[PDB]
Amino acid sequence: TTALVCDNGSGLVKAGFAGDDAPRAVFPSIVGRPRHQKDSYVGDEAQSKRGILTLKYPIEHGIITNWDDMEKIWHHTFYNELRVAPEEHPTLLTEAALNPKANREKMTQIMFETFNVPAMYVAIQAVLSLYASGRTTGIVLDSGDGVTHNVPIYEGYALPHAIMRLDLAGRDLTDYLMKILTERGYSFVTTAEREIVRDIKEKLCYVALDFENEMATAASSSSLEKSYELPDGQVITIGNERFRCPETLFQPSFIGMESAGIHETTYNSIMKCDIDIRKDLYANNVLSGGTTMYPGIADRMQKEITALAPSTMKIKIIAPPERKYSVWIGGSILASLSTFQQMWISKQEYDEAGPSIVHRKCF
């Protein structure tokens, strides 16, 4: 019996088998339907046919907002990608912290009633990443396509009063890059064009160490500019958009949000913890997720938290090179442990208790 580990990101499905060192299926969490109004396509193939499709993400800001399309995603994961029969496999799913309770209730219902899994668990993403880093104490900054959240953990227990969440992450950054590329005269508008700009962002963006200095550098010469070849063969040039786009993480007012930036939310989360554990949290900031992959982000985080923290505080940002997969890897490890599997919901328990049982078993 081999458990399945499925980390349903807002933007990407990461799926595979417990005990593997990486997910075997990674593909966009998208359903595509004809742009002109056979019925639909999922994942990689929707991306492949995007020339004629309108693409929709069933998860927004870490929350499933289209349950019929999410069912298509899970079906595709089991039967078309992993090519497994879900009724044969205990399944571990994941969630961002501070999601509405009904999200995991419906996850539980669909896994048992539609896919007939024998057992399942819904894990908190940031906790899986902490264990993937080999720690029991630290503060995880997890940022994917949907959510940025801070989870301080002490001796293996998340501190719920100090968890922070920002519904600003990779997709918002892609949307903002689309917008500011119009200043150069480029027009990226459609759902398919959003995927092109997402690729530009991943390939060419970075976090400036000093934003105002970098803006001056960008105006003084072309030294920061990069070229990018579009699918139709046109070559565009981008300059200060490279770092203006992820600057939004530090200055959410770039997209009209009044929120604290990710450096301030990290600091605020630590400050909500008991004073005697704060030094351990400051020395163990663990980055997790695709939106933490910008070159320069760890250095910027180090600089900004140093400016907020007591002047003698020892601060360390841990940025695992595999952190696009840290959540999944933490799940692969925990799902390989018989004691962790002992806590999972069995099909019989679901039959007797219903969806509410997820809140009494999954922590």
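One rule holds for the numbers: they count along the sequence shown, beginning at 1.
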query	finding
Count class of deposited residues lacking coordinates, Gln37 to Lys38	4 to 9
Stretch with the greater mean C-alpha B-factor as recorded in the entry, comparing 186 to 194 against 68 to 76	186 to 194
Between the two ranges 326 to 334 and 298 to 306, the one averaging a larger CA B factor in the entry	298 to 306
Residue, from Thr94, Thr291, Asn285, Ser227, that the PDB entry assigns the highest Cα B-factor	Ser227
Largest Cα B-factor, entry values, listed residues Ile255, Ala218, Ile124, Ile270	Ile255
Within-chain third of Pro355 by Cα B-factor, per the entry	highest
Position of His161 among the chain's modelled residues by C-alpha B-factor, lowest, middle or highest third	highest
B-factor third for the C-alpha atom of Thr136 within its chain	lowest
Third assignment of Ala85 from its chain's C-alpha B-factors	highest
Chain thirds of CA B-factor: placement of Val207	lowest
